[PDB]
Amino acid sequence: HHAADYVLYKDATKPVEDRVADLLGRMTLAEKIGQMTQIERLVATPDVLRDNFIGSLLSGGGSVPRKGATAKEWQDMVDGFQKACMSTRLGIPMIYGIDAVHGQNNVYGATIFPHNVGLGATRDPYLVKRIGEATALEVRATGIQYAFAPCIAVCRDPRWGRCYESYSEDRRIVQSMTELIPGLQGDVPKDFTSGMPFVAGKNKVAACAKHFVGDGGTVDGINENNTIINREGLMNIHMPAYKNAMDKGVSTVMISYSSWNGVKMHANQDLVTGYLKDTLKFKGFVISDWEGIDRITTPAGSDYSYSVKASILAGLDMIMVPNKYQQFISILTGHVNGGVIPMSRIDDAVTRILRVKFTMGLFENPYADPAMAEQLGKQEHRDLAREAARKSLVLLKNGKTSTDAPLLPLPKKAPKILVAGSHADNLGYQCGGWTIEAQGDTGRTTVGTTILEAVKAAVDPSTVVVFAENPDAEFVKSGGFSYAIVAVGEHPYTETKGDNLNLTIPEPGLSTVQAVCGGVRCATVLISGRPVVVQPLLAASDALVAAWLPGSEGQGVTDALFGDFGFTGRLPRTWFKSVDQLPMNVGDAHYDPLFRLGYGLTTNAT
C-alpha cells in the first residue's frame, strides 16, 4: 500500500496477523531467538540489546533505577532501552515487564492496593477490575507495558509463602477475580475469540495469568514443589480460572516452578502445548518464570542445554533468563542448528510474541508518555485502594459475650485513646511482600498512611491519641484510655521465605494484645497474608479484625473501625483450628474450621 520504501509490518493500518507474518518472514535466526529472550535491566546495555536483538526486559523484585526514583526516571530508563532495540535492523520494540501485583509495587510513591487474599474477601469483582485499571495507569506512568499479574493460584494450604497472592482456596472466587485482566488490558471486543491476546492501547498493559498450573496445590504448601493430584482434581480446582483468562483475552501466561505428579511444568509438553495452546486455543505467548528452565534439573542449572531443549520443546515461547543471556542464546542457536529444535517451534514462539506486541500497539507507541507520569500515586487511585482495604476487612469478633455492648464501631470522640502494637505505625508491615522489595521491608518505605496516622486523621479534634508500640499492663491501666486499637501480625515475606509450618505470629504480638486488652477494651487488627493461629488473640480481645495486607491506604482500616462504613468482608479461606489439620479446605469430607470460608460478622455505618 503506496510508498517506495513500504514495509508491510511497519504499516499500522494492516491486520495484526499480516504484520506478524510479514515480519517473521524477514527475520534471521539470531533475530528470532532474540525475541524469545527476556533479560534483567541489570544486565542490559544498548549494545547487548542491539547485538542480541533482545525481545524483552524485566525488573525483578527491587530492580529499580535507584531508590526513590520518580516516574520520569523510570520512563527515561525504559526509553533508553527501547531506543537501542528500535535501532536494530528490523526495529522490533522490546516489551518491558514487572511484578505489578498490588499496584505498581516496586515503585516509590505508587499506590499499594491490598494483596489478593484480601481482595478475595471483598467478593467484588468490579472493584478488582477497577484496581486493574488504576494499576495499568500507574505501570504506564513508569513507561512499563507489561504486568506479571494476575496470580490465579488457588492456594490449598496456607503454609505456602505465596498464599496471600491467591484470592481464595475456592476456585469460584478466583475465577470471579479474573476481572483484573480486562482492568489491566481493557475490555475485549464483542466478537472476541477466547484465547486471543488483547490489550486496548497505550494506556493499558499486557497481563499475565500465572503460574500455570497448580502452583497453589503443592504438598504442605512447599513453594515450587510437587502438586500431587489426579487430572480431575487439577482440572476441577487449579485449571478453571485459566479458561476465564482465555475468555478475557489474557496476553501472556507464565509457567510455574512447581511440578504436577512429579513432572516439571517448565518441561510439560502435554499441559503447555497439548492443553493450554491446543485445547484452550491460547494464542498469546507463554513465558517462563525466573530461572524456571534452570530449575527443571536437580541441582538447578546443572544441565542448561537440557533445560533449553526441554522447555522450548514443551512449548514455552519466551524465557525469563534473566541474566545469562549469552549462554541461553548460544545453546538455543546450537539446538536449532543441530536439528534438535525445529524451525517450526521457533517460528511459533516468535509468532506469539509478535502477535502480542502488534496487538497491544507497541510498534505504534514504543516509547513512554510523559503526560502519564502524574498517574503514579494519584489520589483517586489511593481513594480506590482505601475502599478496597476497607472492603477486605473481615470482622471475626465484636464483643466477648452475647450480652456485651459491641465494641465496633468505635466513637471518634473520646477523651483519650491508645494505639499500640508492632503493626500500628509500620507502612512496610501493612503492605507486606512485593512492596519496594520482593520480600517487602519494614518502616516508611513508600508514600502511605499507617494505622496510627489514619486514627489521628479520623478522630475528633478533642480526642487525645497516644501511641505505644509495646506498652506494659500498668501503662495501659494508668493511662485513662477509653479504648485501644492494637495492631500486630506477620512480617513481610514472599516465596520460599514465607513457607511456614507453624503459622504463629512473631512476638511481641500476643503479649502486647494481652497487656493492652487486660487494661482497656480493645480492637485487635491482625495484619497477615493468611490465617494464622488466632485463638489466643481472640481470647484476649473484645473485637478482632482480619485485615490481611491492606496496602498503603491505612485509612481503609479506620473507615470501618469508626463506622464510616459497615464491615462487609467474608473469609475467602478456611480459618483452621490447628496447623495439624492442614490441608483443610471448604468442601472437604472432614471439615472442622475455627471459622468456615464465607464467615464474617457485620456492622452498620454510624
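Note that residue numbering follows the sequence shown and begins at 1.
Stretch comparison (294 to 302 versus 476 to 484) by mean CA B-factor in the PDB entry places 294 to 302 on top. With 501 to 509 and 199 to 207 compared on mean CA B-factor from the PDB entry, the stretch scoring higher is 501 to 509. Out of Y164, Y146, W260, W434, the entry records its largest CA B-factor for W260. Considering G120, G489, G221, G448 together, the PDB entry gives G221 the largest C-alpha B factor. Annotation for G569: CA B-factor lies in the middle third of the chain's modelled residues. When the modelled residues of the chain are ordered by their C-alpha B factor, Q375 lands in the middle third. Remark: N230 belongs to the highest third of its chain, ranked by C-alpha B-factor as recorded. When the modelled residues of the chain are ordered by their C-alpha B factor, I341 lands in the highest third. Per the PDB record, residue ranking by Cα B-factor puts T333 in the middle third of the chain.
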